[PDB]
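Visitor: Input file: start-v5.cif. Contents: mmCIF, C-alpha atoms.
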data_final
#
loop_
_atom_site.label_atom_id
_atom_site.label_comp_id
_atom_site.auth_asym_id
_atom_site.auth_seq_id
_atom_site.Cartn_x
_atom_site.Cartn_y
_atom_site.Cartn_z
CA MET E 1 0.00 0.00 0.00
CA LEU E 2 3.23 2.03 -0.29
CA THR E 3 5.43 2.98 -3.35
CA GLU E 4 8.57 0.86 -3.05
CA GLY E 5 11.85 2.73 -2.47
CA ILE E 6 10.33 6.08 -1.38
CA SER E 7 11.77 7.11 1.90
CA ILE E 8 11.24 10.52 3.52
CA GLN E 9 13.35 11.76 6.41
CA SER E 10 11.60 13.65 9.20
CA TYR E 11 12.85 16.35 11.57
CA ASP E 12 14.18 13.91 14.04
CA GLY E 13 15.70 11.50 11.63
CA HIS E 14 12.73 9.16 11.61
CA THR E 15 12.13 7.99 8.06
CA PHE E 16 8.81 6.92 6.47
CA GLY E 17 7.46 5.70 3.13
CA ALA E 18 4.51 6.94 1.05
CA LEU E 19 2.09 6.03 -1.67
CA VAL E 20 2.78 8.34 -4.61
CA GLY E 21 0.73 9.02 -7.76
CA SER E 22 2.65 10.94 -10.46
CA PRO E 23 0.55 13.20 -12.62
CA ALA E 24 -0.75 12.42 -16.13
CA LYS E 25 0.87 15.66 -17.45
CA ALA E 26 3.74 17.31 -15.51
CA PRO E 27 4.48 19.58 -13.86
CA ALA E 28 1.40 19.68 -11.69
CA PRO E 29 0.58 20.87 -8.21
CA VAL E 30 1.12 18.10 -5.60
CA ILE E 31 -1.55 17.15 -3.04
CA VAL E 32 -0.31 15.56 0.21
CA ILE E 33 -3.06 13.33 1.65
CA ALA E 34 -3.37 12.92 5.39
CA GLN E 35 -4.73 9.44 6.28
CA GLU E 36 -7.76 8.39 8.41
CA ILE E 37 -6.99 6.12 11.46
CA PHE E 38 -6.72 3.08 9.13
CA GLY E 39 -3.34 3.76 7.61
CA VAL E 40 -2.48 3.96 3.94
CA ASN E 41 -5.30 1.66 2.80
CA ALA E 42 -7.89 1.20 0.12
CA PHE E 43 -9.65 4.45 0.56
CA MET E 44 -6.24 6.17 0.40
CA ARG E 45 -5.39 4.48 -2.87
CA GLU E 46 -8.78 5.45 -4.28
CA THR E 47 -8.15 9.13 -3.17
CA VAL E 48 -4.76 9.07 -4.82
CA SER E 49 -6.33 7.71 -8.04
CA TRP E 50 -9.10 10.29 -8.05
CA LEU E 51 -6.75 13.21 -7.64
CA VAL E 52 -4.44 11.98 -10.38
CA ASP E 53 -7.51 11.60 -12.60
CA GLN E 54 -8.20 15.34 -11.84
CA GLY E 55 -4.76 16.52 -12.86
CA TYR E 56 -2.75 16.58 -9.61
CA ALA E 57 0.18 14.56 -8.36
CA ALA E 58 -0.34 13.06 -4.94
CA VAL E 59 1.69 11.77 -2.05
CA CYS E 60 0.09 9.87 0.89
CA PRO E 61 2.73 9.48 3.66
CA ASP E 62 2.76 6.57 6.12
CA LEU E 63 1.91 8.53 9.31
CA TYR E 64 1.76 5.34 11.45
CA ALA E 65 5.40 4.50 10.66
CA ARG E 66 6.50 5.76 14.05
CA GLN E 67 4.39 2.93 15.60
CA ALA E 68 4.07 0.30 12.89
CA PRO E 69 5.23 0.94 9.39
CA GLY E 70 3.15 -0.08 6.48
CA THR E 71 -0.09 -0.62 8.45
CA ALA E 72 -3.14 -0.67 6.14
CA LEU E 73 -6.41 -1.75 7.99
CA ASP E 74 -9.78 -2.69 6.61
CA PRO E 75 -12.44 -0.73 8.32
CA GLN E 76 -14.83 -3.50 7.61
CA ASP E 77 -13.03 -6.05 9.81
CA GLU E 78 -13.86 -5.79 13.55
CA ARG E 79 -10.40 -6.82 14.62
CA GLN E 80 -8.69 -4.39 12.24
CA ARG E 81 -10.92 -1.54 13.54
CA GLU E 82 -9.90 -2.32 17.07
CA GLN E 83 -6.28 -2.08 16.04
CA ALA E 84 -6.98 1.25 14.24
CA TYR E 85 -8.43 2.73 17.52
CA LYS E 86 -5.47 1.63 19.48
CA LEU E 87 -3.02 3.18 17.04
CA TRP E 88 -5.07 6.38 17.01
CA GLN E 89 -5.00 6.50 20.80
CA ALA E 90 -1.22 6.41 20.91
CA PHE E 91 -0.61 8.71 17.88
CA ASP E 92 1.55 11.74 18.56
CA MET E 93 -0.09 14.66 16.92
CA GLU E 94 2.99 16.83 17.13
CA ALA E 95 5.14 14.28 15.51
CA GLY E 96 2.41 13.80 12.91
CA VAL E 97 2.54 17.47 11.92
CA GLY E 98 6.41 17.25 11.72
CA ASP E 99 6.11 14.22 9.41
CA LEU E 100 3.62 16.06 7.24
CA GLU E 101 5.96 19.08 6.97
CA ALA E 102 8.65 16.64 5.72
CA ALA E 103 6.30 15.16 3.09
CA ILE E 104 5.23 18.67 2.02
CA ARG E 105 8.90 19.71 1.48
CA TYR E 106 9.42 16.45 -0.37
CA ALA E 107 6.43 17.23 -2.55
CA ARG E 108 7.60 20.66 -3.39
CA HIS E 109 10.82 19.39 -5.02
CA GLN E 110 9.78 16.34 -7.11
CA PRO E 111 10.56 16.65 -10.79
CA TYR E 112 6.88 16.63 -11.71
CA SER E 113 5.97 19.41 -9.24
CA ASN E 114 4.81 22.86 -10.20
CA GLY E 115 5.98 24.14 -6.76
CA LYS E 116 2.47 24.46 -5.34
CA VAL E 117 1.27 21.98 -2.62
CA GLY E 118 -2.17 21.48 -1.13
CA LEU E 119 -3.10 19.06 1.60
CA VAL E 120 -6.33 17.04 1.84
CA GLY E 121 -6.93 15.09 5.16
CA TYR E 122 -9.81 12.90 6.41
CA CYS E 123 -10.70 12.33 10.03
CA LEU E 124 -7.34 12.04 12.04
CA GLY E 125 -6.01 13.70 8.78
CA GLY E 126 -8.71 16.40 8.94
CA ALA E 127 -7.55 17.48 12.42
CA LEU E 128 -3.90 17.38 11.09
CA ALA E 129 -5.02 19.58 8.17
CA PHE E 130 -6.02 22.30 10.58
CA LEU E 131 -2.79 22.07 12.45
CA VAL E 132 -0.66 22.23 9.33
CA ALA E 133 -2.81 25.11 8.15
CA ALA E 134 -2.02 27.10 11.37
CA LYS E 135 1.76 26.37 10.76
CA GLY E 136 1.40 27.74 7.17
CA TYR E 137 3.35 24.98 5.48
CA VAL E 138 0.93 24.51 2.42
CA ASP E 139 -0.67 26.80 -0.11
CA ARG E 140 -4.25 25.46 0.65
CA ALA E 141 -5.54 22.82 3.05
CA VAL E 142 -8.83 20.79 3.15
CA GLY E 143 -10.04 18.79 6.10
CA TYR E 144 -13.01 16.35 6.00
CA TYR E 145 -14.61 15.69 9.43
CA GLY E 146 -11.55 16.35 11.74
CA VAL E 147 -12.01 15.34 15.36
CA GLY E 148 -11.36 17.80 18.19
CA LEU E 149 -11.29 21.02 16.22
CA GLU E 150 -13.24 22.70 19.04
CA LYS E 151 -10.18 22.32 21.19
CA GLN E 152 -7.86 24.18 18.81
CA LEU E 153 -9.70 27.36 18.57
CA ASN E 154 -6.78 29.38 19.92
CA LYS E 155 -4.89 28.70 16.69
CA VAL E 156 -7.58 30.30 14.49
CA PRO E 157 -5.81 33.68 14.17
CA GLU E 158 -2.62 31.89 13.19
CA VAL E 159 -3.96 30.60 9.94
CA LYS E 160 -2.63 32.68 7.04
CA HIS E 161 -3.46 30.55 4.04
CA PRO E 162 -6.85 29.36 2.89
CA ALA E 163 -8.31 26.16 4.58
CA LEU E 164 -11.67 24.51 3.85
CA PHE E 165 -13.39 22.04 6.23
CA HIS E 166 -16.38 19.71 5.47
CA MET E 167 -18.28 18.71 8.57
CA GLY E 168 -21.24 16.35 9.14
CA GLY E 169 -24.17 17.79 11.10
CA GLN E 170 -24.96 14.28 12.55
CA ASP E 171 -21.38 13.43 13.48
CA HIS E 172 -21.32 12.04 17.02
CA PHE E 173 -17.78 13.42 17.45
CA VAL E 174 -19.18 16.91 17.11
CA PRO E 175 -22.28 17.31 19.28
CA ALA E 176 -24.30 20.57 19.05
CA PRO E 177 -22.22 22.71 21.39
CA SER E 178 -18.99 21.80 19.67
CA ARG E 179 -20.58 22.70 16.36
CA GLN E 180 -21.40 26.11 17.74
CA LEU E 181 -17.94 26.85 19.06
CA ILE E 182 -16.33 25.77 15.71
CA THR E 183 -18.79 27.83 13.73
CA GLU E 184 -18.31 30.94 15.71
CA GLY E 185 -14.62 30.47 16.22
CA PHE E 186 -13.70 29.68 12.67
CA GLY E 187 -16.11 32.45 11.62
CA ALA E 188 -13.67 35.07 12.78
CA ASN E 189 -10.98 34.27 10.18
CA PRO E 190 -12.13 34.76 6.54
CA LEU E 191 -9.20 32.46 5.36
CA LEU E 192 -11.18 29.64 7.05
CA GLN E 193 -14.27 28.13 5.29
CA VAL E 194 -16.44 25.47 7.02
CA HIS E 195 -19.44 23.71 5.38
CA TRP E 196 -21.91 21.58 7.41
CA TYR E 197 -23.69 18.67 5.69
CA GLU E 198 -26.90 18.41 7.65
CA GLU E 199 -27.80 14.85 7.23
CA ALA E 200 -24.34 13.32 7.22
CA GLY E 201 -22.22 11.98 10.08
CA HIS E 202 -18.51 10.93 10.23
CA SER E 203 -16.84 9.30 7.21
CA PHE E 204 -19.53 10.41 4.84
CA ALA E 205 -17.15 10.55 1.88
CA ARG E 206 -15.86 7.02 2.17
CA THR E 207 -17.86 4.60 0.00
CA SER E 208 -17.15 1.60 2.20
CA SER E 209 -18.51 3.23 5.34
CA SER E 210 -22.07 2.66 6.46
CA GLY E 211 -21.90 6.45 7.10
CA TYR E 212 -21.53 7.05 3.26
CA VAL E 213 -23.93 9.80 1.99
CA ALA E 214 -23.59 10.06 -1.79
CA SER E 215 -25.10 13.49 -2.06
CA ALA E 216 -23.00 15.06 0.68
CA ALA E 217 -19.80 13.44 -0.56
CA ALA E 218 -20.45 14.62 -4.06
CA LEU E 219 -20.98 18.25 -3.05
CA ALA E 220 -18.07 18.25 -0.58
CA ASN E 221 -15.82 16.70 -3.31
CA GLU E 222 -16.74 19.27 -5.90
CA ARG E 223 -16.12 22.09 -3.47
CA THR E 224 -12.74 20.48 -2.70
CA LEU E 225 -11.80 20.38 -6.37
CA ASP E 226 -12.89 23.98 -6.95
CA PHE E 227 -10.88 25.00 -4.02
CA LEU E 228 -7.77 23.29 -5.15
CA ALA E 229 -7.99 24.40 -8.83
CA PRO E 230 -6.11 27.67 -8.35
CA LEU E 231 -3.10 25.60 -7.61
CA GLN E 232 -3.25 24.37 -11.25
CA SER E 233 0.13 26.28 -13.52
#
Starting from the file, lay out its structure as structure tokens.
Guide:
Amino acid sequence: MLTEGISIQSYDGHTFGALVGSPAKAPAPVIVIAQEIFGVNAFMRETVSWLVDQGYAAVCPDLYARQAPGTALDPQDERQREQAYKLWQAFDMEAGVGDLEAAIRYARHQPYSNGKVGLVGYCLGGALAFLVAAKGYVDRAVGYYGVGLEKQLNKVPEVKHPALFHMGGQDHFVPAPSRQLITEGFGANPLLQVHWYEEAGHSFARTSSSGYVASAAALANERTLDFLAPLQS
């Protein structure tokens, strides 16, 4: 579930692999994709494919490499889900942002790169998208249903580059009060855009989830593409 031979060195010397999709026509902008809690798995490969079909290059780094390199879990298997929760529980968010900065730098310098980098993250990756956005390491960032955004409101004013977030209005991770704090809080920084999908919960854009909502995924996906388009040379 990784591209053989790719090895990226992080800030502390830790190295990790990635799934890479080179673009149909180069140079192109590169999208770094931040994984869900399941590792670099099927849905990641499908995301990679999709973006390449849309004209981008894409890199999906192995964020779990600090705990167990190459993990790729099937969200449909009970035992694999348990393992995914355990890995999520022990994930170091700070180190995850550092690894993403390393993949972003890597992305900026590939031969097929136009120099522009966006980041698209889903769930653990959607929370990471916000954090990378507040660090300013990418030209544009997109987060789909990040968990815990309500606890990072103090970083709102730090965001200096555009970031778009797609959030389900029935997502149990974001009960009503949390929804209000995010809305109001993100509302203060025009570089931040948040869209709520009323009848969708978590994972609404992943076909294999029972939470899949075709209409919400389709509109969130088109808004994502529109938002990333400006990165196109």
Visitor: Can you spell out as a PDB file with C-alpha atoms, in the coordinates of the input the set of residues that the PyMOL selection byres ((chain E and resi 161-173) around 6) selects in the structure I just provided?
Guide:
ATOM      1  CA  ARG E 140      -4.250  25.460   0.650  1.00  0.00           C
ATOM      2  CA  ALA E 141      -5.540  22.820   3.050  1.00  0.00           C
ATOM      3  CA  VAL E 142      -8.830  20.790   3.150  1.00  0.00           C
ATOM      4  CA  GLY E 143     -10.040  18.790   6.100  1.00  0.00           C
ATOM      5  CA  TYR E 144     -13.010  16.350   6.000  1.00  0.00           C
ATOM      6  CA  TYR E 145     -14.610  15.690   9.430  1.00  0.00           C
ATOM      7  CA  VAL E 159      -3.960  30.600   9.940  1.00  0.00           C
ATOM      8  CA  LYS E 160      -2.630  32.680   7.040  1.00  0.00           C
ATOM      9  CA  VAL E 174     -19.180  16.910  17.110  1.00  0.00           C
ATOM     10  CA  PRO E 175     -22.280  17.310  19.280  1.00  0.00           C
ATOM     11  CA  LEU E 191      -9.200  32.460   5.360  1.00  0.00           C
ATOM     12  CA  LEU E 192     -11.180  29.640   7.050  1.00  0.00           C
ATOM     13  CA  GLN E 193     -14.270  28.130   5.290  1.00  0.00           C
ATOM     14  CA  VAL E 194     -16.440  25.470   7.020  1.00  0.00           C
ATOM     15  CA  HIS E 195     -19.440  23.710   5.380  1.00  0.00           C
ATOM     16  CA  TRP E 196     -21.910  21.580   7.410  1.00  0.00           C
ATOM     17  CA  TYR E 197     -23.690  18.670   5.690  1.00  0.00           C
ATOM     18  CA  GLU E 198     -26.900  18.410   7.650  1.00  0.00           C
ATOM     19  CA  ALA E 200     -24.340  13.320   7.220  1.00  0.00           C
ATOM     20  CA  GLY E 201     -22.220  11.980  10.080  1.00  0.00           C
ATOM     21  CA  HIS E 202     -18.510  10.930  10.230  1.00  0.00           C
TER      22      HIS E 202
END
Visitor: List the spatial neighbours of residue 111 of chain E as a PyMOL selection string - criterion: any atom at most 10 Å away, all atoms listed in the file, same-chain residues fewer than 4 positions off excluded.
Guide: chain E and resi 22+26-28+107+115
Visitor: Which one of E:73, E:103, E:84, E:228 sits closest to residue 19 of chain E if you count all atoms listed in the file?
Guide: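 Closest residue, counting all atoms listed in the file: E:103.
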Visitor: Segment 146-153 of chain E: which residues within 12 Å, counting all atoms listed in the file, same-chain residues fewer than 6 positions away excluded, as JSON, numbers by chain?
Guide: {"E": [34, 35, 36, 37, 88, 93, 120, 121, 122, 123, 124, 125, 126, 127, 128, 129, 130, 131, 133, 134, 159, 164, 165, 166, 167, 168, 171, 172, 173, 174, 175, 176, 177, 178, 179, 180, 181, 182, 183, 184, 185, 186, 187, 188, 189, 192, 194, 201, 202, 203]}
Visitor: Decode the PyMOL selection byres ((chain E and resi 117) around 6) for the given file into explicit residues and return them as a PyMOL selection string.
Guide: chain E and resi 29-31+116+118+138-139
Visitor: On this structure, the PyMOL selection byres ((chain E and resi 70) around 10) would catch which residues? List them as a PyMOL selection string, sorted by chain and number.
Guide: chain E and resi 1-2+16-18+39-41+61-65+67-69+71-73
Visitor: As AutoDock Vina command-line options, please report the centre and edge lengths, rounded to one decimal in Å, of the axis-aligned box that holds all listed atoms of segment 133-152 of chain E with 6 Å of padding on each of the six sides.
Guide:
--center_x -5.6 --center_y 21.5 --center_z 10.5 --size_x 30.0 --size_y 24.4 --size_z 33.3
Visitor: Taking into account all atoms listed in the file, which residue in the set E:231, E:44, E:90, E:156 is nearest to residue 113 of chain E?
Guide: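 Ranked by minimum distance to residue 113 of chain E, first place goes to E:231.
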Visitor: Tell me, in Å to one decimal, how far atom CA of residue 213 of chain E is from atom CA of residue 75 of chain E.
Guide: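 A separation of 16.8 Å between them.
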Visitor: For a quick check of understanding, using only C-alpha atoms, which of E:66, E:25, E:14, E:109 has the smallest distance to residue 87 of chain E?
Guide: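 When distances to residue 87 of chain E are compared using only C-alpha atoms, the smallest one comes from E:66.
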